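Asks: What follows is a structure written as structure tokens; I'll ask about it next.
Just so it is clear, none of the values below were taken in a lab; they were calculated from the coordinates. Please note: Cβ atoms are built from the backbone with ideal geometry, for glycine as well, and neighbour counts cover all protein chains shown.
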């Protein structure tokens, strides 16, 4: 009914369903090997109801890995990179009994990385940063090291391409956060850094943005998800002093300023957690750790769901929750139901003729 | 010629002719609204007649009756949701195109719903149960929301246990004051009338299909539950229940709680209050959301329905096969009629004979 | 770097290093014959070494042992059928490319077969059972044709209960005269040696996998069947059985008669003659046709194998994961070694530490 | 701080916001820009009470804690002279 | 700029055009002013207009979003109206 606690997993979203795969957990007894959760399973969380469904996947199943990068385009999962018991990986997997598909793309694939970020444009997948072995851009060493590559993959024809960078690219880093708002591909934090950059996905030009005023503390293993066309949402992180973070920020894009966001989860800091935006103005974050991750035997991996109410809910959702609340009372009531209204709605959404049987 | 495969259709009969309308089939698709299909139960041949006037929308789950060759249609689910409209089609007309008439009945009609049952008593149609929206009026009975419809449907729906009387003389709705424990709200149940007793069996409610047997006394309006001693057919919905005598009800097909299609047939003896399983050659042809009509020659004619779990729509195995259950001895004229037709090479009713000889012409 | 996923491979160890060779994986495909994979059990890191000379063909189901750092390989199934050839690889060599040596042994070798077991007693390798062709020589024991191979294989095959002795001093085959009821012919069974007792558990014979436990006394050559009182692990084949003490055998994984993969672990106490189930974190990672090797630090290291029914080859979930079962208390040096490695940010064996830090570099 | 109001004539309801420091006359200018009637022909009420042109909304009894977007306050409107009249909304039955 | 939404019983609701765009249905009907609702009564449409001002005010708001009260006796009407209006 609930996935095992994990960190370093991937969570993708279509607006109403959240897909969770991979990650790793700490064993009960202290040891020197991490426990990677089974490759065979994929967890789906319904953001309207709050329950989980576990489906086992066959086919070209990718190995159990952590720190991978995933994206959900038209309910089609794209997975690249990560880290397993043998080392880093540069293999690219896709997933629409569901079957994983290992695709041999044209062009030159990137190196084996993890803790990177990704952007989604019209039909291109744009990956940035990471950490891994030696193979455009730079590659600073720590045998692995931080990354600057901006590899691009076309989903229409499956060709690995790299863009011509105009402007100052950001520094090598991993465990950064990426968010997409229109043609802007945002980066923030990592290494714990505090810089804020965006890349124009249309002109392929790097830009540096310097917010004015109070700014979030430099962090790693944070989450950055857009909550509007002019707002980004940052939660959690990992300071330079390694202090876990339970604070949330809202970054206005047009005004280029930062505002703190209040929430009832100040007692539950998270790092290496995933975050997904719902269609009801919420940010759903799952997994991550509350303790210090560097000490693996003392890690406290979480399987909880934290819901931030960033935007007001729709009138449909508000009314439906009122109906759900007053279920018994309304079952003994009656109300008018104009046919033209009902037919207009059922024209848009359809009506199932087999229900109730 | 050949009616297309369908489930959720209606089928009514006068004992000689079966009238078939509506239903749906996978490519979802509702069958043409203006087509009326007549199955001649003696000759086993189909005939199509087009209709006009206030033609109802194409629907599944409608409730239909044939009283004195008049077709009455209530409820159902068209492509834009459930309805509570009432239609009449007089099959006694000599028009080349029969004229549907939508009747604006007096009184307060039932809620918009489908997948219900109906009993035909003296000058009244008595409707029970169903699935659909909340009532738009004060109504005697119980409505219960389907909790799965809040997040998966464009508007919440649920089951009811309502009893509504439509008086065919004046076309006026009313509701009787009933006594005793009414059956729980349900849909996809089966109704059968024997005299002043309106039997209801099975159906789906909340979670899990049922196999309880109730009857409403249509004179005293007193609900009664029958607890037969001995074996009973398993709980089901989308089954058919047809009277085959003044003392016997015939049950076929349906859908278990575990979503298994059913091909079992049972007979319930009203006086003895017991079930007996019926042996038949259709063990490999399960049916659900089919229709069943009783013939004047001791046969139950089953049409339409689905062989498998139709809740998966793209894999639904809709059918247009005719399933004939011989539950009473035929008349000697009919038996001798079949004998003469069986030997046409060795020797008007014999002339028409049957249709679709798969052996002829070799 | 990273050995590819495989089933049907061989894995042998000296308590510190695990040697991995052969196996197969789906695209069928046998892994490169010249690759020898060495897994360092202290550091948890893999190393690849290439081989030369009389390199055996790539095979699954071969039988391998490590005696005094010498690798001995018998039997197996390459792409052209079963074999009975015997190979030796001396891991103590300083060659950059180790030289395989195929030994022409004296005496009559066993039949061509795979999926068998072996016990290591004083200066002898004792092989038991397997699946393959009819023997090419007179042999003590029983062979039984697999009736499913007559119409589905290019040549009939079957199971045997043969016992063969390979004396490592002179490389001469022989067969002991045994007493008592030998176990039935079988393949995919598991063998474990404790002193002069060669235990054999499970396997497949005719139809249905088994859970019988036998041991052959390697001094008296007297077969014995152990009937433990109480619960026992379910019947299986393709399981692993590893001694973890002078009195305990460790059993993991396998394949039920109903083709279900297994993730259960059991310990058999030789003196008490009873089984106890072992709690472990790999309940969601069943393995079959895997290998298991005992470590000098009280661990059983499981490698390779398949998570599901690999009899369907295109859907076989072959693995290269390492599964570590802690079955005995570790040494304080090893425990203190792990503690120091666990805190490198707070403070040669500590320097090498482990590999593949998923957290480092963030 | 803003106050959210409903300006209601017979069957016309205006949804608008203003500052409590703003005056009644400024509100009449807002109504002028919508209903095309100058302030000298309007008449604003607080549920029974005439609103002076010079008084501010906060001085009239409107507080930002009682005129919220989800529950806007009600201001009556009368045009010139006429009696204040606000026809009620429909009923659930 | 303001727009006028007219209920079935003849009430005229004048709201800000930006607020009315909260409903996708109203946004499509205005795109190219008045909008007529022959099947939405005033006791429902007035509640919808209150949601308009509530939704716009608390969109991208630093302070916590308050609860929107919905009386049970109008919940089903409001849900159908909201689905029709797409807000």
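Asks: All but one of (1) over 13 Å from the mean Cα position of the chain (by Cα); (2) assigned to a loop (DSSP other than H, G, I, E, B); (3) within 22 Å of residue E:49 (Cβ to Cβ) hold for residue D:21, so report the exception by its number.
Replies: Failed condition: (3).
Asks: If I filter region A:63-81 for residues that are within 14 Å of chain C (Cβ to nearest Cβ) and over 17 Å from residue A:274 (Cβ atoms), do I get at least one hit?
Replies: Checked against the condition, which is being within 14 Å of chain C (Cβ to nearest Cβ) and over 17 Å from residue A:274 (Cβ atoms), region A:63-81 yields at least one hit.
Asks: Give the residues of region A:31-50 that are farther than 30 Å from residue C:332 by Cα, part of a loop (DSSP other than H, G, I, E, B) and more than 7 Å from every other protein chain (Cβ to nearest Cβ), sorted by residue number.
Replies: Within region A:31-50, A:39, A:47, A:50 qualify.
Asks: Continuing with the same structure: Filter region D:33-55 for residues that are under 12 Å from the mean Cα position of the chain (by Cα) and within 14 Å of chain E (Cβ to nearest Cβ) and give the result.
Replies: Listed by number, the list is empty, since nothing qualifies.
Asks: Turning to a different aspect of this structure: Go through (1) surrounded by 19 or more Cβ atoms within 10 Å (Cβ to Cβ); (2) assigned to a strand (DSSP E or B) for residue A:260 and report which single condition fails.
Replies: Evaluating residue A:260 over (1) surrounded by 19 or more Cβ atoms within 10 Å (Cβ to Cβ); (2) assigned to a strand (DSSP E or B) leaves (1) as the failure.
Asks: Would you pick out the residues in region C:345-362 that are within 20 Å of residue A:88 (Cβ to Cβ) and in contact with a helix residue (DSSP H, G or I) (Cβ under 8 Å, 6 or more places away or on another chain)? Let's see the steps before the verdict.
Replies: Applying the first criterion (within 20 Å of residue A:88 (Cβ to Cβ)) to region C:345-362 yields C:352-362.
Residues satisfying the conditions are C:353, C:354, C:359.
Asks: Got a sec? Which strands (runs of 3 or more DSSP E) wholly within region B:243-362 have at least 1 residues that are farther than 28 Å from residue B:61 by Cβ?
Replies: Because the criterion is at least 1 residues that are farther than 28 Å from residue B:61 by Cβ, the strands (runs of 3 or more DSSP E) in region B:243-362 that meet it are B:265-269, B:274-277, B:322-326.
Asks: Of the conditions (1) closer than 22 Å to residue B:153 by Cβ; (2) more than 12 Å from chain A (Cβ to nearest Cβ), residue B:82 satisfies every one except a single condition; which number is it?
Replies: So the condition that residue B:82 fails would be (2).
Asks: Can you name every residue in region A:296-352 that is at the interface with another protein chain (Cβ under 7 Å from one of its Cβ atoms), outside any helix (DSSP H, G or I) and closer than 29 Å to residue A:273 by Cβ?
Replies: Passing the criteria: A:309, A:311, A:312, A:314.
Asks: Now, a different point. Considering only region B:288-316, how many residues are crowded, with 16+ Cβ neighbours inside 10 Å, out of contact with any helix residue (DSSP H, G or I) (no Cβ under 7 Å at 6 or more places or on another chain) and more than 14 Å from every other protein chain (Cβ to nearest Cβ)?
Replies: 13
Asks: Do the conditions hold for residue D:62, that is, is it within 28 Å of residue E:69 (Cα to Cα), in contact with a strand residue (DSSP E or B) (Cβ under 6 Å, 6 or more places away or on another chain) and not in a strand (DSSP E or B)?
Replies: The answer is yes for residue D:62.
Asks: Got a sec? Which of B:144, B:101 is touching a helix residue (DSSP H, G or I) at 6+ places or on another chain (Cβ under 9 Å) and in a strand (DSSP E or B)?
Replies: From the options B:144, B:101, the qualifying one is B:144.
Asks: Quick check on residue B:208: is it farther than 29 Å from residue A:346 by Cβ, over 20 Å from the mean Cα position of the chain (by Cα) and surrounded by fewer than 22 Cβ atoms within 10 Å (Cβ to Cβ)?
Replies: Values: farther than 29 Å from residue A:346 by Cβ: no; over 20 Å from the mean Cα position of the chain (by Cα): yes; surrounded by fewer than 22 Cβ atoms within 10 Å (Cβ to Cβ): yes.
Here the answer is no, as residue B:208 does not meet what is asked.
Asks: I'd like the full set of residues that are over 16 Å from the mean Cα position of the chain (by Cα) and in a loop (DSSP other than H, G, I, E, B), limited to region C:56-78.
Replies: C:56, C:57, C:58, C:68, C:69
Asks: Still on this structure: Tell me, which residue of region A:109-128 that is farther than 23 Å from residue A:179 by Cβ and away from every other protein chain (no Cβ under 11 Å) is surrounded by the most Cβ atoms within 10 Å (Cβ to Cβ)?
Replies: Here the answer is A:111.
Asks: While we're looking at this one, here's another question. How many of the residues making up region B:214-227 are loosely packed, with under 15 Cβ neighbours inside 10 Å and assigned to a loop (DSSP other than H, G, I, E, B)?
Replies: Total satisfying the criteria: 3.
Asks: Now, a different point. Between A:249, A:272, which is over 12 Å from residue A:307 (Cβ atoms) and within 12 Å of chain E (Cβ to nearest Cβ)?
Replies: The unique qualifying residue is A:249.
Asks: Residues in region D:65-93 that are part of a loop (DSSP other than H, G, I, E, B), within 12 Å of another protein chain (Cβ to nearest Cβ) and either in contact with a strand residue (DSSP E or B) (Cβ under 9 Å, 6 or more places away or on another chain) or closer than 30 Å to residue A:333 by Cα (or both): how many?
Replies: Total meeting the criteria: 12.
Asks: Can I ask one more? Among the numbered conditions (1) within 10 Å of another protein chain (Cβ to nearest Cβ); (2) buried (at least 22 other Cβ atoms within 10 Å of the Cβ), tell me where residue A:4 comes up short.
Replies: (2)
Asks: Determine whether region B:96-115 contains at least one residue that is under 17 Å from the mean Cα position of the chain (by Cα) and either away from every other protein chain (no Cβ under 14 Å) or within 25 Å of residue B:217 (Cβ to Cβ) (or both).
Replies: Checking region B:96-115: at least one residue is under 17 Å from the mean Cα position of the chain (by Cα) and either away from every other protein chain (no Cβ under 14 Å) or within 25 Å of residue B:217 (Cβ to Cβ) (or both).
Asks: Okay, moving on. State all residues of region C:337-357 that are under 31 Å from the mean Cα position of the chain (by Cα) and more than 10 Å from chain A (Cβ to nearest Cβ); if no residue qualifies, say none.
Replies: Residues of region C:337-357 under 31 Å from the mean Cα position of the chain (by Cα): C:337-338, C:349, C:352-357.
Of everything in region C:337-357, those that are under 31 Å from the mean Cα position of the chain (by Cα) and more than 10 Å from chain A (Cβ to nearest Cβ) turn out to be C:349, C:352.
Asks: Still on this model: Can you go through A:99, A:28, A:106 and tell me which one is more than 30 Å from residue C:312 (Cα to Cα), exposed (fewer than 15 other Cβ atoms within 10 Å of the Cβ) and within 13 Å of another protein chain (Cβ to nearest Cβ)?
Replies: Exactly one residue qualifies, and that residue is A:28.
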